[PDB]
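Let me begin by presenting the structure, written as structure tokens, before commenting on it.
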Amino acid sequence: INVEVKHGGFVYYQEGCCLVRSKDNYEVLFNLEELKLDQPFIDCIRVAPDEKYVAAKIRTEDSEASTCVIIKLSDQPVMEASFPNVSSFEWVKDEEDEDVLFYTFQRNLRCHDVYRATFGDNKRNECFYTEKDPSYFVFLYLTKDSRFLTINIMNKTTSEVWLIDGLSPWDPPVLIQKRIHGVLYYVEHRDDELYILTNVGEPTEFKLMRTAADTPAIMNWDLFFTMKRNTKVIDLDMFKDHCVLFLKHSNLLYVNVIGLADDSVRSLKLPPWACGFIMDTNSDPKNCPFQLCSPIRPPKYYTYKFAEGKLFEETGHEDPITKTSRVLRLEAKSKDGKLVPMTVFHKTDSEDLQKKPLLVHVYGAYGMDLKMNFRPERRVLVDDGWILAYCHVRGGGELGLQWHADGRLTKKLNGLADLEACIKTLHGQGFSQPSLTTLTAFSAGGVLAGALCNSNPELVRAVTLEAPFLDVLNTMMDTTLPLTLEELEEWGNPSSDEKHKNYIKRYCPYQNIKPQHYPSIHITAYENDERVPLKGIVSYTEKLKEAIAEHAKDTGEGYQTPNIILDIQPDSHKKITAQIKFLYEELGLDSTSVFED
């Protein structure tokens, strides 16, 4: 998370709790200690275009709030100004060469606001934008050629964009298009012509719409390029001559190189193991660098040189796991006949007897997808002979908006059905038998893991949960604390409508704990959180033990009892180590899991 900003040809990074300017020799612009903060970590650095000032925002743990500190970038590394609670900021070079800082903070929870800080003649904080609606978030973005500073007013379903001239920082912002509910727009400039990324008209289809910078209304927009329906745009990298569009769909990645000054589109060939895209913020201006990664392979560097056909792998580092592990894309068939993508990872020199411990990962909530970034512990499990699988199930977002809508408020059980289908499908393919199956889930995904434990316990041997959202019904029916509308729409309100109360009762894993055989379950939980009360987990743990205890008393006759383990913490490696030891003990695998990280 270490912030790195390169400008003026010298990079600026935070080291030793002090703002540092690097050409092993560095110059300290500021000492973060003076701010009287504990463990202050720099989240954002923005360097004035003419290097007179540098601004950065500094945050500490256990604080929602952070402060933006402005240092003179002059030979004097002294403080110029500071401003608390700044969400974002950016610099614009005035026509008088005055580097003015635009920044966004919030006047209480009432509204957010954009101010322009002038230092050279002491004009300080002039207001350029004021907010009216607390549900929207104001964020600043300047494009690459600094033609237009953009004020982005955003929500998840809709956005509004206002432009501030990069050649006239004092002018009032100009609205491109008044907000339309359900429509989000992102704006980039090429040559007194704008390209707009938008889902106007059709919510499930993002498209490239072009228009003159002086003719911003929707009615004047033409069509430049369209993406496949329900694909996810992760990024759009604008250049003078072309743009590079980065897309994801399902479990496939695509890169589209689209000429703008030359209307011809080019698709790039990506390797089959890539499961996600890492974007660079080096903003190099005559190349489009990016990295590809997978949960079992550290990020690799690729660069597209708009100039030549292809010179992508400039990186000299490569990992043999590319050839020693295989990435299968195998969909499962649901109870209602739908296809549920699943990503499966296994060794290519694996034995004919494909009956090895299988780890299944599920989230299935809030429209989120499963993060595919590299995790050394997951790779080790594969090196030891583990088969990993990721289930892209209803309630998440990999296949479109309807995937979030389904497997949700009145239909959560569909996410459960998709998880069940995935597990049975893997067993059906023959990767593992139930005795070697392991399931893992986090926070919201714990609902699905819990519910599966109650409905089909014979499918899993051991389950590993982190701070799971288990007692859904009491958490949701807690009228004392108002339920956030966001959640209220991710879990029906049982306090206002009996059908939600009944639907939730039907899937809530706490409520449905019943005397029967269970998988061994290890729970990692924390002392202090807001989303997952510890008392919920403790009650679950106590009730779960009682159910299996009653089961064991009537039918056990010497049979072993599933190990129910609750580990409370106020370190990631310690957590991982404990989880691996738990699973290996349950799976009777022993331990040679030695690694460098």
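Please note that chains go A, B, ... in the order of the structure tokens, that every chain numbers its residues from 1, and that ligands are numbered from 1 in the order shown.
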Neighbouring residues of segment 520-527 of chain A were defined as those with any atom within 8 Å, considering only C-alpha atoms; residues of the same chain fewer than 5 positions away were excluded. Please report them as a CSV table (one decimal) with N, CA and C atoms, in the first residue's frame.
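Final output, saved to selection-v8.csv:
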```csv
chain,number,residue,atom,x,y,z
A,461,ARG,N,-15.5,-31.9,4.5
A,461,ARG,CA,-14.8,-32.6,5.6
A,461,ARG,C,-14.4,-31.5,6.7
A,462,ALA,N,-13.8,-30.4,6.3
A,462,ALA,CA,-13.5,-29.3,7.2
A,462,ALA,C,-13.8,-28.0,6.6
A,463,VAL,N,-14.2,-27.0,7.4
A,463,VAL,CA,-14.6,-25.7,6.9
A,463,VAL,C,-13.8,-24.6,7.6
A,464,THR,N,-13.3,-23.6,6.9
A,464,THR,CA,-12.5,-22.5,7.5
A,464,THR,C,-13.2,-21.2,7.3
A,465,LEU,N,-13.6,-20.5,8.4
A,465,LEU,CA,-14.4,-19.3,8.2
A,465,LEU,C,-13.7,-18.1,8.9
A,466,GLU,N,-13.7,-17.0,8.2
A,466,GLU,CA,-13.2,-15.8,8.9
A,466,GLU,C,-14.3,-14.7,9.1
A,467,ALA,N,-14.5,-14.4,10.3
A,467,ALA,CA,-15.5,-13.4,10.8
A,467,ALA,C,-16.7,-13.6,10.0
A,468,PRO,N,-17.4,-14.7,9.9
A,468,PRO,CA,-18.5,-15.0,9.2
A,468,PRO,C,-19.7,-14.2,9.7
A,534,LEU,N,-19.1,-10.1,17.8
A,534,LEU,CA,-18.5,-11.3,18.2
A,534,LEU,C,-19.5,-12.2,19.0
A,537,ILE,N,-21.0,-14.8,16.7
A,537,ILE,CA,-20.2,-15.9,16.5
A,537,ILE,C,-20.1,-16.8,17.7
A,562,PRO,N,-16.8,-33.9,15.5
A,562,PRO,CA,-16.3,-32.8,14.7
A,562,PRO,C,-15.7,-31.7,15.6
A,563,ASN,N,-14.4,-31.3,15.2
A,563,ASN,CA,-13.7,-30.3,16.1
A,563,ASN,C,-14.3,-28.9,15.8
A,564,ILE,N,-14.9,-28.3,16.8
A,564,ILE,CA,-15.4,-26.9,16.7
A,564,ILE,C,-14.5,-26.0,17.4
A,565,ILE,N,-13.7,-25.2,16.6
A,565,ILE,CA,-12.7,-24.3,17.2
A,565,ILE,C,-12.9,-22.9,17.0
A,566,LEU,N,-12.9,-22.1,18.0
A,566,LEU,CA,-13.0,-20.6,17.9
A,566,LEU,C,-11.8,-19.9,18.4
A,567,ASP,N,-11.2,-19.2,17.5
A,567,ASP,CA,-9.9,-18.4,17.7
A,567,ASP,C,-10.1,-16.9,17.7
A,568,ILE,N,-10.1,-16.3,18.9
A,568,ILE,CA,-10.3,-14.8,19.0
A,568,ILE,C,-9.1,-14.0,19.0
A,569,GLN,N,-9.1,-13.0,18.1
A,569,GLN,CA,-7.9,-12.1,17.9
A,569,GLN,C,-8.4,-10.6,18.0
A,570,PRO,N,-7.6,-9.7,18.5
A,570,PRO,CA,-7.8,-8.2,18.6
A,570,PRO,C,-7.5,-7.6,17.2
A,579,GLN,N,-4.6,-21.8,10.1
A,579,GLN,CA,-5.6,-22.4,9.3
A,579,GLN,C,-5.0,-23.6,8.5
A,582,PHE,N,-4.8,-26.5,11.1
A,582,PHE,CA,-6.1,-27.0,11.3
A,582,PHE,C,-6.5,-28.0,10.3
A,586,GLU,N,-7.0,-32.1,10.3
A,586,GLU,CA,-8.3,-32.8,10.0
A,586,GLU,C,-8.1,-33.7,8.8
```
Neighbour list for residue 379 of chain A as a VMD selection string, cut-off 10 Å, only C-alpha atoms, skip fewer than 3 positions in-chain
chain A and resid 294 to 298 321 325 345 374 to 376 382 to 386 388
Output N, CA, C and O atoms for every residue in that selection, as a compact mmCIF listing (two decimals), in the first residue's frame.
```txt
# COMPACT_ATOMS: atom_id res chain seq x y z
N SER A 294 -2.68 -14.27 -11.28
CA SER A 294 -3.64 -15.32 -10.95
C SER A 294 -3.42 -15.57 -9.46
O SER A 294 -2.34 -15.28 -8.96
N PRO A 295 -4.33 -16.21 -8.73
CA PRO A 295 -4.17 -16.45 -7.32
C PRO A 295 -2.94 -17.27 -6.99
O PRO A 295 -2.44 -17.22 -5.86
N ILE A 296 -2.41 -18.01 -7.96
CA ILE A 296 -1.24 -18.82 -7.72
C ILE A 296 -0.01 -18.37 -8.49
O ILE A 296 0.96 -19.11 -8.56
N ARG A 297 -0.05 -17.19 -9.08
CA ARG A 297 1.10 -16.73 -9.84
C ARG A 297 1.30 -15.21 -9.64
O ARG A 297 0.40 -14.42 -9.96
N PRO A 298 2.46 -14.77 -9.11
CA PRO A 298 2.77 -13.39 -8.82
C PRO A 298 2.57 -12.60 -10.09
O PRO A 298 2.83 -13.13 -11.15
N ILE A 321 5.58 -21.98 -12.53
CA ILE A 321 4.23 -22.41 -12.21
C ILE A 321 3.31 -22.23 -13.42
O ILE A 321 2.30 -22.93 -13.54
N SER A 325 1.32 -25.66 -13.32
CA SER A 325 -0.09 -25.64 -12.86
C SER A 325 -1.02 -25.34 -14.04
O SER A 325 -0.60 -24.59 -14.94
N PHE A 345 -7.80 -24.92 -10.26
CA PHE A 345 -6.34 -24.92 -10.33
C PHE A 345 -5.69 -26.22 -9.87
O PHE A 345 -5.89 -26.64 -8.72
N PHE A 374 -2.66 -12.66 -6.30
CA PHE A 374 -1.77 -13.66 -5.78
C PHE A 374 -1.68 -13.73 -4.27
O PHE A 374 -1.44 -12.73 -3.59
N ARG A 375 -1.82 -14.95 -3.77
CA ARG A 375 -1.72 -15.26 -2.37
C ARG A 375 -0.76 -16.43 -2.19
O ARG A 375 -1.15 -17.57 -2.50
N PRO A 376 0.47 -16.22 -1.70
CA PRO A 376 1.50 -17.22 -1.55
C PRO A 376 1.03 -18.49 -0.87
O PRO A 376 1.47 -19.58 -1.24
N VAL A 382 -1.17 -25.54 -3.58
CA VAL A 382 -1.09 -26.22 -4.86
C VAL A 382 0.23 -26.97 -4.99
O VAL A 382 0.24 -28.12 -5.40
N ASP A 383 1.36 -26.38 -4.59
CA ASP A 383 2.64 -27.08 -4.70
C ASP A 383 2.63 -28.40 -3.92
O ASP A 383 3.21 -29.40 -4.37
N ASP A 384 1.90 -28.42 -2.81
CA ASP A 384 1.84 -29.63 -1.94
C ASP A 384 0.93 -30.71 -2.55
O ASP A 384 0.97 -31.85 -2.06
N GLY A 385 0.13 -30.34 -3.56
CA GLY A 385 -0.78 -31.30 -4.22
C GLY A 385 -2.24 -30.99 -3.96
O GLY A 385 -3.07 -31.92 -4.07
N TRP A 386 -2.56 -29.74 -3.62
CA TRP A 386 -3.97 -29.33 -3.39
C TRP A 386 -4.60 -28.86 -4.70
O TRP A 386 -3.86 -28.34 -5.56
N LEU A 388 -7.37 -26.17 -6.13
CA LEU A 388 -8.15 -25.04 -5.62
C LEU A 388 -9.30 -24.78 -6.54
O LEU A 388 -9.18 -24.92 -7.76
```
From a DSSP pass on the backbone, collect the residues of segment 243-400 of chain A flagged as strand (DSSP E) and hand them back as a PyMOL selection string.
chain A and resi 243-249+252-259+265-267+276-279+288-294+297-304+325-329+332-333+339-340+342-347+358-362+387-391
Limited to C-alpha atoms, could you put the picked residues into a file as a PDB file, in the first residue's frame?
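Ended up saving to selection02.pdb:
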```pdb
ATOM      1  CA  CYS A 243      -7.101   4.237 -26.174  1.00  0.00           C
ATOM      2  CA  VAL A 244      -6.609   0.908 -24.471  1.00  0.00           C
ATOM      3  CA  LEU A 245      -9.728  -0.652 -23.069  1.00  0.00           C
ATOM      4  CA  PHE A 246      -9.399  -3.338 -20.398  1.00  0.00           C
ATOM      5  CA  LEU A 247     -12.334  -5.692 -20.070  1.00  0.00           C
ATOM      6  CA  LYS A 248     -13.340  -8.664 -17.961  1.00  0.00           C
ATOM      7  CA  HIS A 249     -16.227 -11.089 -18.482  1.00  0.00           C
ATOM      8  CA  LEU A 252     -12.028 -14.390 -19.294  1.00  0.00           C
ATOM      9  CA  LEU A 253      -9.897 -11.304 -19.891  1.00  0.00           C
ATOM     10  CA  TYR A 254      -9.720  -9.078 -22.943  1.00  0.00           C
ATOM     11  CA  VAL A 255      -7.690  -6.083 -24.067  1.00  0.00           C
ATOM     12  CA  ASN A 256      -8.957  -3.932 -26.889  1.00  0.00           C
ATOM     13  CA  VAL A 257      -6.667  -1.445 -28.530  1.00  0.00           C
ATOM     14  CA  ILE A 258      -8.833   1.101 -30.173  1.00  0.00           C
ATOM     15  CA  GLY A 259      -7.376   3.766 -32.427  1.00  0.00           C
ATOM     16  CA  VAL A 265      -9.610  -1.750 -33.331  1.00  0.00           C
ATOM     17  CA  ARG A 266      -6.922  -4.334 -32.337  1.00  0.00           C
ATOM     18  CA  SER A 267      -7.371  -7.168 -29.767  1.00  0.00           C
ATOM     19  CA  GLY A 276      -7.355 -10.713 -13.464  1.00  0.00           C
ATOM     20  CA  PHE A 277      -5.641  -7.404 -14.446  1.00  0.00           C
ATOM     21  CA  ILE A 278      -3.320  -5.184 -12.306  1.00  0.00           C
ATOM     22  CA  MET A 279      -3.238  -1.540 -13.403  1.00  0.00           C
ATOM     23  CA  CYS A 288       0.376   1.045 -22.014  1.00  0.00           C
ATOM     24  CA  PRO A 289       1.889  -1.114 -19.214  1.00  0.00           C
ATOM     25  CA  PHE A 290      -0.230  -3.506 -17.173  1.00  0.00           C
ATOM     26  CA  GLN A 291       0.253  -6.665 -15.185  1.00  0.00           C
ATOM     27  CA  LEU A 292      -1.462 -10.012 -15.294  1.00  0.00           C
ATOM     28  CA  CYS A 293      -1.864 -12.280 -12.334  1.00  0.00           C
ATOM     29  CA  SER A 294      -3.642 -15.315 -10.945  1.00  0.00           C
ATOM     30  CA  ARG A 297       1.104 -16.730  -9.844  1.00  0.00           C
ATOM     31  CA  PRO A 298       2.766 -13.388  -8.819  1.00  0.00           C
ATOM     32  CA  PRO A 299       1.993 -10.488 -11.184  1.00  0.00           C
ATOM     33  CA  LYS A 300       3.864 -10.391 -14.513  1.00  0.00           C
ATOM     34  CA  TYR A 301       4.672  -7.277 -16.514  1.00  0.00           C
ATOM     35  CA  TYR A 302       3.325  -6.624 -19.984  1.00  0.00           C
ATOM     36  CA  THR A 303       3.541  -3.451 -22.055  1.00  0.00           C
ATOM     37  CA  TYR A 304       1.810  -2.501 -25.222  1.00  0.00           C
ATOM     38  CA  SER A 325      -0.092 -25.644 -12.859  1.00  0.00           C
ATOM     39  CA  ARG A 326      -3.190 -25.706 -15.150  1.00  0.00           C
ATOM     40  CA  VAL A 327      -6.231 -23.335 -15.003  1.00  0.00           C
ATOM     41  CA  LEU A 328      -9.471 -25.047 -16.042  1.00  0.00           C
ATOM     42  CA  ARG A 329     -12.674 -23.153 -16.652  1.00  0.00           C
ATOM     43  CA  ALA A 332     -21.397 -26.267 -12.928  1.00  0.00           C
ATOM     44  CA  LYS A 333     -25.077 -26.823 -13.634  1.00  0.00           C
ATOM     45  CA  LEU A 339     -24.412 -22.353 -15.597  1.00  0.00           C
ATOM     46  CA  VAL A 340     -22.156 -21.373 -12.750  1.00  0.00           C
ATOM     47  CA  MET A 342     -15.864 -22.192 -11.622  1.00  0.00           C
ATOM     48  CA  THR A 343     -12.146 -21.733 -11.868  1.00  0.00           C
ATOM     49  CA  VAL A 344     -10.078 -24.818 -11.075  1.00  0.00           C
ATOM     50  CA  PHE A 345      -6.337 -24.924 -10.334  1.00  0.00           C
ATOM     51  CA  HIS A 346      -4.201 -28.095 -10.285  1.00  0.00           C
ATOM     52  CA  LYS A 347      -0.656 -29.372 -10.839  1.00  0.00           C
ATOM     53  CA  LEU A 358      -9.813 -29.642  -2.685  1.00  0.00           C
ATOM     54  CA  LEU A 359     -10.232 -26.078  -1.297  1.00  0.00           C
ATOM     55  CA  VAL A 360     -13.466 -24.335  -2.461  1.00  0.00           C
ATOM     56  CA  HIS A 361     -13.707 -20.502  -2.155  1.00  0.00           C
ATOM     57  CA  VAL A 362     -17.111 -18.765  -2.038  1.00  0.00           C
ATOM     58  CA  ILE A 387      -6.633 -28.514  -6.042  1.00  0.00           C
ATOM     59  CA  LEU A 388      -8.147 -25.042  -5.623  1.00  0.00           C
ATOM     60  CA  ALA A 389     -11.484 -23.929  -6.867  1.00  0.00           C
ATOM     61  CA  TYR A 390     -13.295 -20.635  -6.982  1.00  0.00           C
ATOM     62  CA  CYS A 391     -17.044 -20.554  -7.337  1.00  0.00           C
TER      63      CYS A 391
END
```
